[PDB]
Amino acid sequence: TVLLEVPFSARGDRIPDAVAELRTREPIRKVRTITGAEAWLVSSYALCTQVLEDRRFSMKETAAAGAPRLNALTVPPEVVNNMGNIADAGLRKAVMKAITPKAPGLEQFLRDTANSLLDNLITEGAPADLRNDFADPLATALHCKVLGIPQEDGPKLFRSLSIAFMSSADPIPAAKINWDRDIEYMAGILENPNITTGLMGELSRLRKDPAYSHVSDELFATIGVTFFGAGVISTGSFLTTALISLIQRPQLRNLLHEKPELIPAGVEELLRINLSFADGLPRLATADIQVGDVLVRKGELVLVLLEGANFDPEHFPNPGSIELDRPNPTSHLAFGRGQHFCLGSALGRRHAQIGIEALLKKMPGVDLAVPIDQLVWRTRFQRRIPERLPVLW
């Protein structure tokens, strides 16, 4: 038999029984990635947190030439250290401030957008596709507003993402074509005097402030492309698979419909059980480091399996059940942990909360319109998502 291959399944509606067997038997174990590289797959809550909280397991060094790879780069190697670059340019606080859901008018914009999308689906009649015609457009609209860019520019930027977020053994020529185009777009945005709000409006101002005169135009454009992509793919994908989890729990659907004040707790549990990340989070060891029964050697690749942590019964008893009264509800790793904890966590929560609130109000009878096994799961991608999500109501 060959060395255990990752990822195990592209299906995002259920966790393989094998994850629990692996966590019990070998919570750090050797695997082969799609590139043919070896890696250590970490699958218990304790060991996942250990790796994520130890910066000697480096994100930046995953981009080093000659390293064992999970998958091919789809961005320039310097862009793997995007947040480090942002910090070094003195831009971290400004970026963080631009991406909070608390910005005036933003939540009402989200609600208005969700409700319009849903009204259009109701007008057209069932079946509706909740990914392509709800969750993804909601994510796209949100991120255009957050960035300060025209809504009509969203679709073309969105269309890069089915390739930009591939998880490929080999470099992807289309990724570079789209990256270079999208960078040119963001560079134009920075020069556009009409763009005065949101993240790009703020970066535009900082660009002309003496305190940032030696920050490169490349970095400013890169922030725009990377935040649009990461935010849109992450929120669209999470909301889509959260909707599946909800639709398959009619009792929970009914409870949240009846008591919408429980939606934040529900969304936190949907985050905990979410299978949106298709691969473990990669890190490269910069030292020899003991992780459980394994001495990881300098230069080795480590993969932090989020669902390994999040379904660990030692930390989350009855891990497969959505319980709205857990004593440790935000202690999941859906947003990572440590140095690279998700900058967009509050925005991600709000997108999902508002999307779900709107859907339950407009479509309280929502149900799948096809048997669950008929969903088509995207392969060799950094997220798990159904290509279409057909529903009726």
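Residue positions are given as counts along the sequence shown, with the first one as 1.
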Higher of the two mean Cα B-factors (76-84, 308-316; per PDB record) comes from 76-84
Of 173-181 and 244-252, the stretch with the higher mean C-alpha B-factor in the deposited entry is 244-252
Highest CA B factor of 135, 161, 98, 141, as deposited, is found at 98
Per the deposited entry, the peak Cα B-factor within the set 41, 352, 368, 360 goes to 360
Here the Cα B-factor of residue 392, set against its chain, lands in the third termed middle
Entry-reported C-alpha B-factor of residue 153 relative to its chain, by third, is highest
Residue 300: CA temperature factor from the record, placed by chain third, in the lowest
The third of the chain into which the C-alpha temperature factor of residue 18 falls is the highest
Of the three thirds of the chain ranked by Cα temperature factor, residue 187 occupies the middle
